[PDB]
Amino acid sequence: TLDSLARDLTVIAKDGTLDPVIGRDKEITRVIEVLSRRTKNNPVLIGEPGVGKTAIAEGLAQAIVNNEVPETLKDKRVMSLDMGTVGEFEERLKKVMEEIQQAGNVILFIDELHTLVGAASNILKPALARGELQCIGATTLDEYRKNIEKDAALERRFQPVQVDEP
Amino acid sequence: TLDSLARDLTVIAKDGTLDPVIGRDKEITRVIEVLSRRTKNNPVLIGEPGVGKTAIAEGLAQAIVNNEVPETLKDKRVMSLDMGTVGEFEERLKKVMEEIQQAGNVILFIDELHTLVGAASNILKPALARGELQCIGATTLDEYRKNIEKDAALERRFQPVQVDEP
Amino acid sequence: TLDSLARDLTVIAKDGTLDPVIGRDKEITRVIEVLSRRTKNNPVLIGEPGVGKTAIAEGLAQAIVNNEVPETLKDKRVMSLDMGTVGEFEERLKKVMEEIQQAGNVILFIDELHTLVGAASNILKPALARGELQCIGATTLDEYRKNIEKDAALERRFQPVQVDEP
Amino acid sequence: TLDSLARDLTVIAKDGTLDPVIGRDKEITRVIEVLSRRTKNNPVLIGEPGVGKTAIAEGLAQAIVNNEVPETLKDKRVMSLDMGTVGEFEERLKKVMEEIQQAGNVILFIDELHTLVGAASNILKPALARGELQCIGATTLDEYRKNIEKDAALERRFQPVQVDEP
Amino acid sequence: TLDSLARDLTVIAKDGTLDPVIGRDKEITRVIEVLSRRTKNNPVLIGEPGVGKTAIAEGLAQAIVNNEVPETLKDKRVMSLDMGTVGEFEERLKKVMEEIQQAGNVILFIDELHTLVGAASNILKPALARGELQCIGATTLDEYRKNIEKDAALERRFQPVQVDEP
Amino acid sequence: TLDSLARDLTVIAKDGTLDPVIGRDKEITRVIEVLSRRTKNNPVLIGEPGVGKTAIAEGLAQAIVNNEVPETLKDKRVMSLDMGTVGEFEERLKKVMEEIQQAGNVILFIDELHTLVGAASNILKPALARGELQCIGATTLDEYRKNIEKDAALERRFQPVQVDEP
Amino acid sequence: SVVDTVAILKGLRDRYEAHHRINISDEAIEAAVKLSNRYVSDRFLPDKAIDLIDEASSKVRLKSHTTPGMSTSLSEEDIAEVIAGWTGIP
Amino acid sequence: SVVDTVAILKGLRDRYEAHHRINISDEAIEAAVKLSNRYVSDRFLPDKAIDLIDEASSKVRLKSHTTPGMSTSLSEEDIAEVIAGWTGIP
Amino acid sequence: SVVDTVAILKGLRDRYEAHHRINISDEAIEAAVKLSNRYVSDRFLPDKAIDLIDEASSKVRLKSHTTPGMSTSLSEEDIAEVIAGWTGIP
Amino acid sequence: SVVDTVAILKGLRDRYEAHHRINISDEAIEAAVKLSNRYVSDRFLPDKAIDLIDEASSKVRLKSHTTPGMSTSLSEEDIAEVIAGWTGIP
Amino acid sequence: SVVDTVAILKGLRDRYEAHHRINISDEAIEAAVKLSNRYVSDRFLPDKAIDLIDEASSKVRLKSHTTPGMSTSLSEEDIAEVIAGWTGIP
Amino acid sequence: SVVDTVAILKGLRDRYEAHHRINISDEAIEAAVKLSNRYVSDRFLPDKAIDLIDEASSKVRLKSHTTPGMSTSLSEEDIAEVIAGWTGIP
């Protein structure tokens, strides 16, 4: 399984499918080192949209396939979220989580809307809050003010980081 | 069933999956002794987030698997909430309650947001108010001012406790 | 049927399952005599919570199984509400009402929250307002100000009574 | 068919099953003469509940079986509503309407709650509004303010009448 | 199909089932000419209830079966709404709309409550807003202030007209 | 597929189905040039309703079929919304979006109510916010104050423009 | 207008009398038309007249319906009484 | 009217006494009729009398129901006591 | 602008007359354009003119439609009458 | 940084010109980079430049797209005009 | 208490170093404990220490993770630098 | 009343001691009854006594439950200590 919404750009980076980044290295060094944490492997980003952040993500993935990733994570691999929908919807999105938790070998980057939704709220957020499953978020604070914060335990789950326009 | 959102750390503690706590013993002694009550088995906590409180919870669970738990509860077992969401959402969360009420053998700890929600309000809160189903909450008063209090019968259901930074 | 939420303590009192009350006798004499009324058999109570009122209820039930209950009601029997919830919810609670109305042999005591609810309002309240089905409520006025009163026909359905701390 | 919920007291009055009324005669004379109307055969009553009004109804039915009913209606017969419920519910109540409309020979008295409901609104109310099916309602204005009025075409369907305590 | 709630008085007018109107002719001339509009075929009326307006409607229908209706509409036929209700409710009312849209031959008059409802809001209102399905509403402005207006695109769908007491 | 609600007037303009506009040319020049934007291809309009704006839209479509549309958009084609409704409703409206996104060849104009709804909120609005799918809105600010603005990222999605009465 | 009402009442003149088996006297008909318009705020003379009318048509029939011979509806009482029954001070 | 009520109460006179196994004394019956009308705003003497009545009919039965021989309902106390039980200052 | 409206009305000038089989007289056309703008708040001269117009186009056709020969739409009455039919004091 | 942006713009330099069939002149490229950063609060030079760019790339194409030969994008107007089209006082 | 924290940190001392492959020096451990408590309002020394710690544990690993041999975590910089990275004026 | 409470407490006297395996000393029982009523606003002596009681019954059992022989509940400390544990200044 681990397909459809489940996808990765790391091989794609080893496939050279994407762009060598610059300059967010030590920025990524943080984002990288977020995974180190028994507490929170899981960073989130703030900043200006469309600026390269999901490539900054890929920057990790490069540095991953570059093995600029140090040890523990080197086995693990990017997952780039896919967003879409189809009776219920999220249960799928709920479902994949054990799969990747079953994967023992990867990481996902949650992308932008980390959502306070109508149909929602805690979705993976407990399995997030399960204290497992290394993952990454990003947004600008304007959203960040809410979901990660209004819990604050997802704040206790998430590590915020932001970088200015280069 | 009694899975997915239903999970327990007690065995995990017997599995040694987690950290031996310190110092909240007599604090827990209270939290413990809350269950004794025909009136309110169900405590809630106030204090500073992220401080070990859900481990303070686990502290119980240790003291449970430690059998530092005295009699009645010794059979009962922790449940650590899982929060997430997926048509409707809560009915699941509504559903599990009889299951665990059917369990005759456990306890759940409700964690932090005990929520005044859009989609909500009384969810289990009657089955809470059913005067059954030993459970535990926690927050900081800032929330505590509302849900348990704005009813006050959930105040009559909940026992508040708080502990300072160690 | 007439089970689950439907339950009675009268037999339990004949079973001796509960505590002989004191002192609310003539108080109950009222509560008793409320049933006499073609107008309102249905009392509600005000006072301080947790003080013995639902045992004061049971006090009736004792005096019922005691047959300190006079004639008409002697056949009738307590029902002690059960509160809990489970698609829809209330329709069950709606459903039981004909059942007990079908019972031709009982009485229910509605307990405390007689509720202005989101999902609600008139539930049995018409079948209440049906001018049938002897039942009892209780609260403290703080609630009493609303549901029974904001209709006032439920005020015309309910008879308020209160007793001070003994 | 025309049974269960469909029932009549007229024969019961010819059976003498009920009480000879007094004094609402000319009151009924109105209620009677309501049927005369091509516009609204269908009266509704206001007043104080439990006062004899549904017997005031029966008063008609007596005066019907008395043939104190003049011509057109003499063939027609009371129907006394039955209220109860059982998948869907109202469709039954919806169903009976053609049956009695098929009856070419009767009349129904709708009783008290003429309802703004959750599951509701227009039920027969169009077939009411069909400008057919002579029927009677009653309430106290407190309700009357709404359903008949909030349409106002049901006001255009209903004729309100009230009588003081005798 | 096209029955139950779907009904028409035009044939009934050709059946002579109803009353020849007077005086709202040029008034109807407007109401008539509303259909001419590629923009809004769909008028709504303001005025005093019960005054003949739905017969004013029928006035059209007469002038329809009279063929005082000019060309385009001459094939089309009145539909007089039926209001009533019965699981879900409106989906029926939702359903009929394609049917009559399938009819290629008719028109419906929506009657009075054009409703802001609990269970509601946009019902046909999009299929209304579909820019198809010639239909007519009516009310007094007191309602008109809201639904047609609070959208204003239903205002862009509806053409208001009012006439004084004759 | 791409039908029913999916419709276009461009061919209709090449069919000459509609009216040659005047004067909003440079006005449209803007509306046109909105599509140029990697940031926001998607304009919205303010102004006075019924003034020709959706023909102003068509004005584009003319200038489209006129190929007064410059390059990128020349392949793309108008879509004129259809509004209507029918179980769920919006999912259809949700559904069509990938279809047209699948179309690789068109554009839709969203018309007037860009709605804060009961059943709603984010509908396509994420797929809007997906940063894809060139589309156009319009209203008068009175609405504009809310949906595009209360997000402000839909403001970041939408470009407002208004033109006075000619 | 009050007058058109009479006509539209004249429209239903046969109607409810053929329901109520009575003879409408336009004297009454115009009467309430003024009178109701005078005395009745809520419903509308397009109806409320007929309201009174049919009700009068009842009240007569009522009397005529059962024990109180005139099948016709009077001007006055039909208006008056009923209207007085509506309000007072005939 | 208070009086018709008595009659309509006399209507149910046999009713709830044959439910409550007592003997209604019209003295009481008229009594509360005045008295309730005097003292009770909310429910209606068409009932509230009987309310009192049945309640009185209870209170007697209550006493008569169990340990306090009169099966009849007194005028006074049946009204009075109960009514005093309703309010006070018998 | 009122004037552009006339043009855009001139745009639909052929339109609804070819619907209503009449001859639009720009005199009228400019007339209501002022006049409606003067007298009509709600709808918009981009339409409300044409509203009047088509309605005038009706009213003529109405007369012209059935028993009242001019197929053209007058300036005045087409505006005026209708507009007076809209309001008064022609 | 404004400069890295240019590079990242240089990154997409081929991109949308190969979409817009034009020749980007880094003069412009650095230009708006300053200029947008100067004049545009909301979107971000990582984009808003390209925004301007692609929009400029449009405006040229627009002119170049249809009737106004230069396929390249000027420094100035591409920035300027558009940016003036953005604001004013070129 | 700050001190118990150290112990509870000593509790997780092995934890994240066995995650971060480093050697915690209690000097640091007590250090931030004071220092964070001094300098950090929001999160709690029960964590925020470890926050700093793990973050320090990162920063070292970061340096240690990639190109900057000490596997142990210094007292000072681990606190200091990071804490200075937190605020300033080391 | 405080006293009836004692009785109703005497009612549950056997209850929670047979839960808590202790011997209630009415001295205590009346004690808190006054004392709680004195010192405790919120819950009610019908309970809050027993609250204290059971809690005292715990505190003893607590001591008696585990390492601190008296099975009975003292008057004072049971009230006092606990009540002092409730507030202070025994």
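Just want the ordering: B:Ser4, J:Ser73, from fewest to most Cβ atoms lying within 10 Å of their own Cβ.
The order, fewest Cβ neighbours first, is B:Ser4, J:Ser73.
Taking the label point 7 Å from Cα in the Cβ direction, how far apart in nm is I:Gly88 from each other copy of itself, listed shortest first?
3.8, 4.8, 6.6, 7.7, 8.3
May I ask which residue of chain I has the beta-carbon nearest to the axis carrying chain I onto chain H, and at what distance in whole Å?
I:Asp42, 29
Among the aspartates and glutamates, which have Cα under 17 Å from the Cα of B:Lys14 when same-chain residues fewer than 8 positions away are ignored?
Within the straight-line limit of under 17 Å, B:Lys14 reaches these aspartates and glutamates: B:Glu58, B:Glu68, B:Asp75.
At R0 = 35 Å, how high is the FRET efficiency between E:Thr140 and B:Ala152 if r is their beta carbon distance? Nearest 0.05 is fine.
So the FRET efficiency works out to roughly 0.15.
In terms of modelled amide H atoms, which long-range or inter-chain residues lie less than 5 Å from the amide H of F:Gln159?
For F:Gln159, whose amide H was placed from the backbone, the distant partners under 5 Å are F:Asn42, F:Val44.
Rounded to the nearest 0.05, what FRET efficiency is calculated for L:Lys63 and H:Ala84 with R0 set to 56 Å and r the Cβ-Cβ distance?
With a Förster radius of 56 Å, E is 0.50.
Per DSSP H run of n ≥ 4, the term is -39500 (n - 2.57); total these for chain J, divide by its residue number, and report the mean residue ellipticity at 222 nm rounded to 500 deg cm²/dmol.
After summing the helix terms and dividing by residue count, I get -24000 deg cm²/dmol.
What is the order of G:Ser36, L:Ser64, fewest Cβ neighbours within 10 Å to most?
L:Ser64, G:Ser36
Going 7 Å from Cα along the Cα-Cβ axis for the label, what nanometre distances separate B:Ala103 from the same residue across the other copies?
Those separations, rounded to one decimal, come out as 3.1, 3.2, 5.3, 5.7, 5.9 nm.
Below 12 angstrom from the Cβ of H:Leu45, what's the summed charge of the other residues (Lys, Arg +1; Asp, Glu -1)?
Around H:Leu45, the charge tally is -4.
Assuming a ≥ b ≥ c are the square roots of the Cα gyration tensor eigenvalues, decide whether the protein assembly as shown counts as rounded (a/c under 1.5), prolate (otherwise, with a/b larger than b/c) or oblate.
oblate
With a 10 Å Cβ neighbour count serving as the proxy for reagent exposure, in which order, fewest first, do G:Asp78, C:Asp75 appear?
Ordered from fewest to most neighbouring Cβ atoms within 10 Å, G:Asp78, C:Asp75 come out as C:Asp75, G:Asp78.
From the label point of D:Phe89, set 7 Å from Cα along Cα→Cβ, how far away are the matching label points in the other copies, in nm, ordered shortest to longest?
Distances to the matching label points in the other copies: 1.3, 1.8, 2.6, 3.0, 3.3 nm.
At a Förster distance of 56 Å, what's the computed FRET efficiency of I:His19 paired with F:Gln101, Cβ-Cβ distance as r, to 0.05?
Given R0 = 56 Å and the Cβ-Cβ separation, E is 0.90.
Take peptide F:122-129, look around each residue's Cβ out to 10 angstrom, count Cβ atoms belonging to other protein chains, and average those counts.
Mean shielding count: 2.
Just counting partner chain Cβ atoms within 10 Å, what average do the residues of peptide A:23-36 show around their Cβ?
Taking all residues of A:23-36 together, the mean is 4.
Which value in nm describes the separation of the simple spin-label points at F:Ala119 and E:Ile22, placed 7 Å from the Cα toward the beta carbon?
It is 4.8 nm.
Output wanted: per-residue J couplings in Hz (rounded whole) for segment A:49-59, from phi through Karplus 6.51 cos²θ - 1.76 cosθ + 1.60, θ = phi - 60°, x for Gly and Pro.
x, x, 9, x, 4, 5, 7, 3, 3, 3, x
Using θ = phi - 60° and the Karplus relation 6.51 cos²θ - 1.76 cosθ + 1.60, list the HN-Hα couplings for segment G:34-45 in order, rounded to whole Hz, with x at every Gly or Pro.
Calculated HN-Hα couplings, in order: 4, 4, 4, 3, 4, 9, 10, 6, 7, 5, 10, 3 Hz.
Through the Karplus equation 6.51 cos²θ - 1.76 cosθ + 1.60, θ set to phi - 60°, convert the phi angles of segment I:56-64 into ³J(HN,Hα) values in whole Hz; use x for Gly and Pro.
So the Karplus estimates, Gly and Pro as x, are 3, 3, 6, 3, 4, 3, 2, 4, 6 Hz.
Counting only Cβ atoms, what residue of chain F lies nearest to the axis that sends chain F onto chain D, and how many whole Å off?
Spelled out as residue then distance in Å, it is F:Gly118, 9.
May I ask for the distance between the Cα centers of segment D:13-28 and segment J:38-78, given as a whole number of Å?
The two parts, judged by their Cα centres, are 91 Å apart.
The numbers here are math on the coordinates, done by the rules we state, and not lab data. Cβ sites come from the backbone with ideal geometry, for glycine too, and all protein chains shown count toward neighbours.
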